[PDB]
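Novice: Below is one structure. I have some questions about it.
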Amino acid sequence: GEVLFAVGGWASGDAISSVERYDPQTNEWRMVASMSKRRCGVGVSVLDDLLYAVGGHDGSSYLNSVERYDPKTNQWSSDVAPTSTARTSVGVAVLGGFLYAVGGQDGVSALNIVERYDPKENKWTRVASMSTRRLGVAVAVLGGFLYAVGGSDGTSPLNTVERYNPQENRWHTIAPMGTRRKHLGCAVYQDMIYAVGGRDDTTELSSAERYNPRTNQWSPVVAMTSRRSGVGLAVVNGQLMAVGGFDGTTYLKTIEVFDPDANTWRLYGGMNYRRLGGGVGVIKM
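Residue 601 is where the sequence shown ends in full-length UniProt numbering, and the numbering goes up by one at each step.
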């Protein structure tokens with residue numbers, strides 16, 4: 317019994333600050349309190365049951381602030397300590413009770429820096445930079461181990477993957493993906509790391525790949541219904557689904573769910589807002 321939050325920031329042209337919640341109980345996509353400031357290309361990941369939204373473009377300012385959201389009370393608070401530098405199109409994940417925010421874009425030369433966050437102290441301190449700059453990267457965590465999947469450096473989209481050990485504070489490159497993917501989506505379905513969608517060197521795309529943590533090799537996966545660049549992906553009370561994105565025509569608001577026993581994707585109704593590059597969070601209630 318989980319729910320998926322969606323914190324998007326791309327539509328028509330203007331960034332958006334509306335936040336959406338899906339509960340499978342009623343199977344409805346009803347809204348919640350919008351974010352106190354628009355965030356374009358957000359990073360979000362829940363940290364002990366509080367949705368965290370790490371800054372991004374608001375339509376003009378790239379921005380460095382952070383906002384958390386208490387889902388039980390429906391309240392957004394801009395009280396979390398800011399970041400070192402203003403950056404957008406950055407993935408974030410949670411691990412060992414600390415909030416890691418990987419590299420992104422800041423209107424100059426991508427970024428490879430990675431900074432943590434102590435929720436108990438609000439310090440927000442920086443750990444080991446990443447090597448190979450990554451904007452529009454998606455992240456995931458398998459085996460207490462923080463993975464940075466794909467993205468774009470200063471010039472081209474990447475197929476390389478770098479994993480991080482918090483205790484030794486250093487990065488270790490691992491198996492490159494099949495295809496180059498910037499603005500992809502990742503979660504940790506079925507004790508493997510699935511990555512779907514994105515945009516390669518040319519066009520948006522629908523292929524998908526799974527990484528086996530125990531063989532250290534990526535395995536191609538069945539493709540989605542439509543191309544979906546700048547998407548999110550999260551596993552909700554059992555089922556893997558990707559959300560929103562772009563496909564070379566219009567902003568998407570639909571979601572697809574992976575059925576492993578049938579090895580295909582099934583389009584569902586989807587959310588209200590058409591979301592490009594919009595983070596997702598998952599909470600159990």
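Quick reminder that beta carbons are idealized off the backbone N, C-alpha and C, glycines included.
Between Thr-580, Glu-336, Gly-466, which has its C-alpha nearest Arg-346's C-alpha?
Specialist: Numbered from 1 along the sequence shown, position 30 holds the residue referred to as residue 346. The candidate whose alpha carbon is nearest that of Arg-346 is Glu-336.
Novice: Ignoring anything shorter than 3 residues, give me the beta strand (DSSP E) runs that lie fully in the UniProt repeat "Kelch 2" (367-413), in order along the chain.
Specialist: 382-386, 391-396, 408-411
Novice: Going by DSSP, name the residue or residues bridged to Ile-332.
Specialist: Looking up residue 332 in the sequence shown gives position 16. Paired residues: none, contrary to the question.
Novice: Under 8 Å by Cβ, that's how I've got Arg-497 and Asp-516 pegged, so tell me the actual separation to the nearest angstrom.
Specialist: As a first step, residue 497 must be located in the sequence shown, where it is residue number 181. As a first step, residue 516 must be located in the sequence shown, where it is residue number 200. At roughly 6 Å, the Cβ-Cβ gap stays under 8 Å, so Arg-497 and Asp-516 are in contact.
Novice: Could you check whether the stretch 400-408 touches the stretch 361-380, counting it as contact only if at least three pairs of C-beta atoms, one from each stretch, sit closer than 8 Å?
Specialist: Taking a cut-off of 8 Å for Cβ pairs, the stretch 400-408 and the stretch 361-380 touch, as three or more such pairs fall below it.
Novice: Based on the DSSP output, what are the partners of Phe-321 in its beta bridges?
Specialist: In the sequence shown, residue 321 corresponds to position 5, counting from 1. DSSP output for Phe-321 lists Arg-337, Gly-597 as bridge partner(s).
Novice: Can you name the start and end residues of the beta strand (DSSP E) that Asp-507 belongs to?
Specialist: Residue numbering aside, residue 507 sits at position 191 when the sequence shown is read from its first letter. Boundaries cannot be given for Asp-507, as no beta strand (DSSP E) includes it and DSSP labels it neither H nor E.
Novice: As a quick exercise: from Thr-399, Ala-464, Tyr-584, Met-508, pick the residue whose alpha carbon is nearest that of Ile-490.
Specialist: By 1-based counting over the sequence shown, the position of residue 490 is 174. Ranking the options by Cα distance to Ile-490, first place goes to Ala-464.
Novice: Kindly indicate which residue of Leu-500, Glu-478, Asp-339 has the alpha-carbon position closest to the one of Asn-532.
Specialist: Taking the first residue of the sequence shown as position 1, residue 532 is located at position 216. Here the closest residue by C-alpha is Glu-478.
Novice: Let me check one thing: in DSSP terms, what residues is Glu-478 bridge-paired to?
Specialist: Taking the first residue of the sequence shown as 1, we reach residue 478 at position 162. Answer by DSSP bridge pairing, in chain order: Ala-464, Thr-489.
Novice: Our contact map puts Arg-354 next to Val-323 with C-beta atoms below 8 Å; I'd like the distance itself, whole angstroms only.
Specialist: For the purposes of this step, residue 354 is taken as the residue at position 38 of the sequence shown. For the purposes of this step, residue 323 is taken as the residue at position 7 of the sequence shown. In fact, because the Cβ distance is near 11 Å, the residues do not count as touching under 8 Å.
Novice: Compare the Cα-Cα distances from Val-598 to each of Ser-447, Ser-542, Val-559, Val-443 and report the closest residue.
Specialist: Translated into the one-based positions of the sequence shown, residue 598 becomes position 282. With distances taken between Cα atoms, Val-598 lies closest to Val-559.
Novice: May I ask you to report which of helix, strand or coil DSSP gives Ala-524?
Specialist: The residue labelled residue 524 in the question sits at position 208 within the sequence shown. Three-state result, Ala-524: strand.
Novice: If you draw a straight line from the C-alpha of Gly-467 to the C-alpha of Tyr-338, how long is it?
Specialist: For this step, residue 467 is matched to residue 151 along the sequence shown. For this step, residue 338 is matched to residue 22 along the sequence shown. Going by the C-alpha atoms only, they are around 27 Å apart.
Novice: How would you write the range of the beta strand (DSSP E) that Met-557 sits in, first residue to last?
Specialist: Here residue 557 corresponds to residue number 241 of the sequence shown, with the count starting at 1. 555-562 is the span of the beta strand (DSSP E), which, as asked, contains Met-557.
Novice: Per DSSP, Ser-535 forms a beta bridge with which residues?
Specialist: If you number the sequence shown from 1, residue 535 lands on position 219. For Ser-535, which the question treats as bridged, DSSP gives the partners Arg-526.
Novice: Once DSSP output is grouped into helix, strand and coil, what is the label at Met-347?
Specialist: Within the sequence shown, residue 347 is the residue found at index 31, counting from 1. Three-state result, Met-347: strand.
Novice: Could you give the DSSP three-state label for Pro-473: helix, strand or coil?
Specialist: On the sequence shown, residue 473 is found 157 positions in, with the first residue counted as 1. Reduced to three states, the DSSP call for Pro-473 is strand.
Novice: Please report the Cβ distance between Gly-594 and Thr-570, rounded to the nearest whole angstrom; I am assuming they are in contact, meaning their Cβ atoms lie under 8 Å.
Specialist: Stepping through the sequence shown from its first residue, residue 594 is reached at position 278. Stepping through the sequence shown from its first residue, residue 570 is reached at position 254. Not really, about 13 Å apart at Cβ, beyond 8 Å.
Novice: Using DSSP's beta-bridge definition, name the partner residues of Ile-571.
Specialist: Taking the sequence shown and counting its residues from 1, one reaches residue 571 at position 255. In the DSSP assignment, the residues bridged to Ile-571 are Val-559, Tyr-584.
Novice: Could you spell out where the beta strand (DSSP E) holding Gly-548 opens and where it closes?
Specialist: Along the sequence shown, read from residue 1 onward, the residue named residue 548 stands at position 232. Where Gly-548 is concerned, the enclosing beta strand (DSSP E) stretches over 548-552.
Novice: For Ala-550 versus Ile-509, is the C-beta spacing smaller than 8 Å?
Specialist: As a working note, residue 550 is residue 234 in the sequence shown. As a working note, residue 509 is residue 193 in the sequence shown. In this structure, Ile-509 does not lie closer than 8 Å to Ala-550 by Cβ.
Novice: State the CB to CB distance for the pair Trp-534 and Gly-501, rounded to an integer number of angstroms; the pair is presumed to be in contact (CB under 8 Å).
Specialist: For this step, residue 534 is matched to residue 218 along the sequence shown. For this step, residue 501 is matched to residue 185 along the sequence shown. Not quite, the Cβ-Cβ distance comes to about 15 Å (not below 8 Å), so this is no contact.
Novice: Identify the residues that DSSP records as bridge partners of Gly-423: which are they?
Specialist: Locating residue 423 in the sequence shown gives position 107, counting from the first residue. None, per the DSSP bridge assignment.
Novice: Whole-angstrom Cβ separation of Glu-318 and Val-552, contact assumed at under 8 Å?
Specialist: In the sequence shown, residue 318 corresponds to position 2, counting from 1. In the sequence shown, residue 552 corresponds to position 236, counting from 1. Indeed, because the Cβ distance is near 5 Å, the residues count as touching under 8 Å.
Novice: Can you check which of these residues, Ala-503, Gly-460, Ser-472, is closest to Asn-485 by C-alpha distance?
Specialist: Counting from one through the sequence shown, the residue named residue 485 turns up at place 169. The residue with the shortest Cα to Cα distance from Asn-485 is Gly-460.
Novice: Around the C-beta of residue 296, are 16 or more other C-beta atoms found within 10 angstroms, so that it is buried, or is it exposed?
Specialist: Limits of the chain in this structure are 317 at one end and 601 at the other, which puts residue 296 out of reach.
Novice: Could you check the C-alpha separation between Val-443 and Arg-530 for me, to the nearest Å?
Specialist: In the sequence shown, counting from the first residue as 1, residue 443 sits at position 127. In the sequence shown, counting from the first residue as 1, residue 530 sits at position 214. C-alpha separation (whole angstroms): 26 Å.
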